[PDB]
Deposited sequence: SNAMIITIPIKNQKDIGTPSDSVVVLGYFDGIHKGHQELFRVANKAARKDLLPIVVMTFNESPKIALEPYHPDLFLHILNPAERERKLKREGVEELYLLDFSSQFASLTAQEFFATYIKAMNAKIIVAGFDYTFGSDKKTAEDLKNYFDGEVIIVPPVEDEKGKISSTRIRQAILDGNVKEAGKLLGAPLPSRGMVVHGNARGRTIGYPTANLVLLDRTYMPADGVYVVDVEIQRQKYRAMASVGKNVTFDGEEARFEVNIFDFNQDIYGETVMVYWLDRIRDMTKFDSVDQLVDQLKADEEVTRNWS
């Protein structure tokens, strides 16, 4: 269906036939990106051109900027990224490390190199698009490409343009529902059940360098063995972790699932983490939480 293809350089690219290429960094494959793909699928209709894409293993900042661990954080894991681009209609996905050499390529070297190797017959790119050490715009595209160039207008909501930067921030703020509206699907995190510490809890360790929602209590869906269960997720600092760990209370589920990988889909935030003055207060909150979670939709 889709081939992801790790490449050291353009020489590695193997596309057989003319294609339409979509240009961008593609973290999270949000509504904005999807619009690029909707337009690309419309352009690949006349000649049945397949759609191909190249993007990067890691943020370009790693090559450009002082090192910081957060520079390794992704909205989506690689498998989820591929899954979402597959749904967009992409047929070849080339993955390249953004490097000093790649970064020094001017707009012209870039076409002479990656575009050619890709056989672009039609190029789709966003209004905000920026490329080459030359730092050219989306308009300058026409000047570098023999073939057709389509520039898609920015996708905006009441708040503004839909961007990865907004998604990171919404997640960090704990606004999972907003992140999910922007993403176009609820954020998926991949975790593993582990042996760690009323209502019983699964202890999850996040397996990817993906953003963790803010501390709080969330309504989530959890996928185990291809079956989705509703659950409450709790994230706290010095409470559920101290490495990203968090906890889940899976409703209507009792089984031993240690060492099992699960998918968490973040649906909504309920409340902040809170210290409780009494046990009774705590239980009351949990009962209320449970009700809110089982009934959310």
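Unmodelled regions (deposited sequence positions with no C-alpha coordinates, counted from 1) are 1 to 3, 201 to 206, 252 to 253.
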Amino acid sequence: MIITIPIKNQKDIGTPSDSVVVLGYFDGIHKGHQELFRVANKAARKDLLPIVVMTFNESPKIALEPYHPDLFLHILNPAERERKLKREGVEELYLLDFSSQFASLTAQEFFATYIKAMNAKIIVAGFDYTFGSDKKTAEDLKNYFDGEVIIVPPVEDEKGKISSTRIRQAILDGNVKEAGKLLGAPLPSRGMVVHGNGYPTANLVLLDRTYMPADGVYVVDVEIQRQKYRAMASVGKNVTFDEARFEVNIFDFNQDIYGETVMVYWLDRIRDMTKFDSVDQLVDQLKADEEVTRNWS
From here on, numbers count along this sequence of modelled residues.
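As listed in the deposited structure, the average C-alpha B-factor of 42 to 50 and of 267 to 275 is greater for 42 to 50.
According to the PDB record, 245 to 253 carries the higher mean C-alpha B-factor of the two stretches 245 to 253 and 66 to 74. In this entry, the residue among 99, 225, 143, 210 with the greatest C-alpha B factor is 143. The entry lists C-alpha B-factors for 175, 165, 197, 189, and the highest of these is at 197. The deposited CA B-factor of residue 180 belongs to the lowest third of values across its chain. The deposited CA B-factor of residue 90 belongs to the middle third of values across its chain. Per-chain ranking of the deposited C-alpha B factor places residue 111 in the highest third. Residue 34 sits in the lowest third of its chain by CA B factor, as recorded in the PDB entry.
Annotation for residue 239: C-alpha temperature factor in the highest third relative to the rest of the modelled chain, per the entry.
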